[PDB]
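Below is one structure; the comments refer to it alone.
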Amino acid sequence: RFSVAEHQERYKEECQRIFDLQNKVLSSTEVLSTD
Amino acid sequence: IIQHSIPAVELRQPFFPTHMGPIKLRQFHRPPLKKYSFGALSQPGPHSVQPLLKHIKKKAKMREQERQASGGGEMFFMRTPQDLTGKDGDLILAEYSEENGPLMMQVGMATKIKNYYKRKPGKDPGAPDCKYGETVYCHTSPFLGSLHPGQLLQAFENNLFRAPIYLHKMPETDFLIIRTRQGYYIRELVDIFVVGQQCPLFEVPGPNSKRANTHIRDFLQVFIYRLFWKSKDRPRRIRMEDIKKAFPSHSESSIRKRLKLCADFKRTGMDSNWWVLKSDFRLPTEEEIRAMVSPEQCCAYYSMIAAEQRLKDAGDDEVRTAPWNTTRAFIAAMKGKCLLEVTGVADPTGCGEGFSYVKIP
Amino acid sequence: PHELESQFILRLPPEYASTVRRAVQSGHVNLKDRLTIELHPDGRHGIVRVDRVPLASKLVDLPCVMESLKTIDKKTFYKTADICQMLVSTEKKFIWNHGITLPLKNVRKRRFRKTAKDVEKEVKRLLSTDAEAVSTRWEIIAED
Amino acid sequence: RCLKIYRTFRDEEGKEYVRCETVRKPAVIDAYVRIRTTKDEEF
């Protein structure tokens, strides 16, 4: 029933994941098809 | 550490507007192409664009002569409004990912490019070198995530925010046309950065806050002092309807409250219908007036009133996405007060990319 | 006084963009005669004439906000203007959905969060018509 | 629910034409009604 390390680590990992998804999508030089 | 231009730290009125109406708050940081009434471009017809490459290299050679005449160190050049033209210097472009950021720089303000480079475990060759900015080795990631070993990330760093930027080459078809009253001018661009989600370092105040009303009062006082400095009359005197032209949403009781101390109204005789400066009042020096209001406080106030307009036009989820809430949430998360739900509705993308800065316990 | 400069982006067809780029990087005033811009009183229509060849232009609104940043030492950058408009050469039509950079494509449709409840101006016109009237009758309706 | 408005006006010379106008835009609706409800309380 963690109320301390579980919440903190979960928030931290979601933060690294979003930071790393944004870096990749933004630096992509891949052409994107007009929709 | 950030040194803005002398038009920016003196809060001069083209660059830092005193009043923004509703149609000017909807077009906040998106200024439309205005039609001129007088000038060379005001006459209808075809207009030749003018190349400016002798102007660029003449100005750069002149600034290098100024720098080598002053001992060769690093110099401060942006001292006039005519230094802030696009006609000279090395221009880059900076595109924003979010539609309406929580904070945004006014014209004339400075920012730095910092290249954060986490070394590889043990031996590393050195930071991949980059054309713009200075490199710094970051063990502790500035942003929410953490840098990989051997990963260099460039970022805009100033007093307002800190945001990851990504250098892209320009399209092969796009040029930059600087139009003024006299004619069109064309530059090419080669470097364009994409600015990610901002990490706010300044807290936008809320509407009717104490910090909000304090900034409004201090801005009006600074404008009144600078009108008194501009007065040529030996007893310095100003007119009330100059201030009413600058701040037309203000009730005149507040303007008279600011003029009550430091001025008095002359009805008859000489200086009639003028607000002369009191003889015992020492008008503050330039550095005291600069210490009264900061330009970043003006940017935070402009963000607040623009978000006020957008929320007002669109009739609690939207209120959470207001920059006073999101800036308070992010700065509180950086002190370790609270955590943020990184997936939510304050997400400026509207998809899984990007963060949401709203407080969670 | 000082008036903030108004910078916009000009997008040309690729062969005409190559000729304009070569003439810009050359640097003579010969380019001045070759490249002209005529903006129509619509405000969103124009001709760009490259080498006296007319091209049809539209001034469109860009979904993101760009900012020109000048520098003298390539370490500190000063914001010079805000760019929000592009004169592409070849209302809903005057709004551009894509951004200039490659990662920003279909930004307005996909990477922009949309919050919703011209329309205000229409409501003002309706209020003016109600004022110029004598008797006003209103009912929220159903299918009819 | 859509919004329909009936307007009574006087034409040049002598006339009393009535115009019934229906607003199907729910955005125009909201902004329209909010002023009346405000002006109804503004008395």
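Residue numbers (UniProt numbering), protein chains in the order written: chain A, 1073 to 1107; chain B, 609 to 923, 945 to 990; chain C, 9 to 98, 127 to 153, 161 to 187; chain D, 1184 to 1226.
Cβ atoms here follow ideal geometry from the backbone N, Cα and C, with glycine treated the same way.
Which residue's Cα is closest to the Cα of B/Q714: B/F764, B/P903, B/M878?
-> Sorting B/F764, B/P903, B/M878 by C-alpha distance to the C-alpha of B/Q714 places B/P903 at the top.
Chain-ordered neighbours of residue 1015 of chain B on chain A, where CB pairs are closer than 9 Å = Residue 1015 of chain B cannot be examined here, being either before or after the span of chain B that is shown, 609 to 990.
Report the partner residues of B/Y792 according to the DSSP bridge assignment.
-> B/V657, B/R787, per the DSSP bridge assignment.
Any Cβ of chain C within less than 8 Å of the Cβ of B/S645?
-> Chain C has no Cβ within less than 8 Å of the Cβ of B/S645.
Report the neighbours of C/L77 on chain A: residues whose CB is nearer than 7 Å to its CB, in chain order.
-> Scanning chain A for C-beta atoms nearer than 7 Å to the C-beta of C/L77 yields nothing, as the closest lies near 18 Å away.
Does DSSP classify B/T748 as helix, strand or coil?
-> Note: B/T748 maps to coil in three-state DSSP.
Name the DSSP bridge partner or partners of B/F764?
-> Note: B/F764 is bridge-paired with B/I721, B/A771 in the DSSP secondary-structure output.
Pick out whichever of D/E1225, D/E1224, D/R1202, D/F1226 has its Cα sitting closest to the Cα of C/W181.
-> Closest in C-alpha terms to C/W181, from the list D/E1225, D/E1224, D/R1202, D/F1226, comes D/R1202.
Kindly give me the distance between the Cβ atoms of B/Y774 and B/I785, rounded to whole angstroms, as I take these residues to be in contact under 8 Å.
-> Cβ atoms of B/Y774 and B/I785 stay farther apart than 8 Å, at about 25 Å.
Would you kindly report the start and end of the unbroken alpha helix (DSSP H) that includes A/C1087?
-> It spans 1077-1099 - the alpha helix (DSSP H) in which A/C1087 sits, taken as one unbroken run.
Flag B/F783 as yes if its beta-carbon sits less than 8 Å from any beta-carbon of chain C, otherwise no.
-> Yes, B/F783 lies at the interface with chain C (some Cβ there is under 8 Å from its Cβ).
Boundaries (first-last residue) of the alpha helix (DSSP H) holding C/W132 | It is not in any alpha helix (DSSP H) - C/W132 carries neither H nor E in the DSSP assignment.
Would you kindly check if the distance between the Cβ of B/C746 and the Cβ of B/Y724 is under 8 Å?
-> Taking 8 Å as the Cβ cut-off, B/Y724 and B/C746 qualify as a contacting pair.
Ends of the beta strand (DSSP E) at B/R834?
-> Element bounds for B/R834: not the beta strand (DSSP E) but the alpha helix (DSSP H), 818-837.
What residue does the alpha helix (DSSP H) around B/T956 start on, and which one ends it?
-> Counting along the chain, the alpha helix (DSSP H) containing B/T956 begins and ends at 952-964.
Cβ-based neighbour list, B/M900, same chain, cut-off 6 Å, excluding 5 preceding and 5 following | The beta carbon of B/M900 sits closer than 6 Å to the beta carbons of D826, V830 from its chain, once the five residues preceding and following it are set aside; these are given in chain order.
Euclidean distance between Cα positions of B/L699 and C/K164 = Computed Cα separation, rounded: 39 Å.
Is the shortest distance between the beta-carbon of C/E175 and the beta-carbons of chain D less than 8 Å?
-> Among the CB atoms of chain D, one or more fall inside 8 Å of the CB of C/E175.
Under a Cβ-count criterion, where at least 16 other Cβ atoms within 10 Å of its own Cβ denotes burial, should B/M670 be classed as buried or exposed?
-> Residue environment analysis places B/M670 among the exposed positions, since fewer than 16 neighbouring C-beta atoms fall within 10 angstroms of its C-beta.
B/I832 burial status per 10 Å Cβ neighbour count (16 or more: buried) | Counting of Cβ neighbours within 10 angstroms places B/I832 among the buried residues, the total reaching 16 or more.
With which residues is B/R845 paired in a DSSP beta bridge?
-> According to DSSP, which records beta bridges pairwise, B/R845 is partnered with B/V884.
Spatial neighbours of B/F873 within its chain, please: CB distance less than 6 Å, with the 5 preceding and 5 following residues excluded, ordered by chain position.
-> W883, listed in sequence order.
Given C/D59 as reference, the closest of C/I17, C/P71, C/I45 once Cα atoms are compared | Nearest Cα to C/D59 within the set C/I17, C/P71, C/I45: C/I45.
Kindly list the residues whose CB is nearer than 8 Å to the CB of B/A648, restricted to its own chain and excluding five residues on each side of it in sequence; keep chain order.
-> So the qualifying residues of the chain are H655, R789, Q790, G791.
Does any C-beta atom of chain B lie closer than 8 Å to the C-beta of A/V1097?
-> At least one CB of chain B lies nearer than 8 Å to the CB of A/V1097.
The ligand FMN heavy atom lying under 7 Å from the CB of C/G51 | Of ligands this structure carries none, so the ligand FMN is not represented either.
Cα-Cα separation between A/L1098 and B/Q917, rounded to whole angstroms = Rounded to whole angstroms, A/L1098 to B/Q917 spans 30 Å at the Cα level.
Per-residue contacts from C/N38 into chain A (C-beta, under 7 Å) | Chain A residues near C/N38: none, gap ~35 Å exceeds 7 Å.
Taking the CB atoms as reference points, tell me whether B/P843 and B/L885 lie closer together than 8 Å.
-> Yes, Cβ-Cβ distance for B/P843 and B/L885 is below 8 Å.
Of all the CB atoms in chain A, is at least one closer than 8 Å to the CB of B/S754?
-> Using beta-carbon distances, B/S754 counts as an interface residue toward chain A, with a partner under 8 Å.
Delimiting residues of the alpha helix (DSSP H) encompassing C/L39 | Run containing C/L39: 38-42, per the alpha helix (DSSP H) assignment.
Contacts that C/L138 makes with chain A (C-beta to C-beta distance below 8 Å) | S1100, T1101, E1102, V1103, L1104, listed in chain order.
Does any residue of chain D bring its CB to less than 8 Å from the CB of C/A185?
-> Yes, C/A185 lies at the interface with chain D (some Cβ there is under 8 Å from its Cβ).
For B/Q611 versus B/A718, is the C-beta distance shorter than 8 Å?
-> B/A718 is positioned such that its CB atom lies closer than 8 Å to that of B/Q611.
Quick one: what does DSSP say D/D1213 is sitting in, helix, strand or coil?
-> Assignment of D/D1213 by DSSP, reduced to helix, strand and coil, places it in the helix class.
Along chain A, in chain order, which residues have C-beta atoms closer than 9 Å to that of C/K141?
-> Near C/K141 (Cβ distances below 9 Å), the residues of chain A are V1103, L1104, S1105, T1106, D1107.
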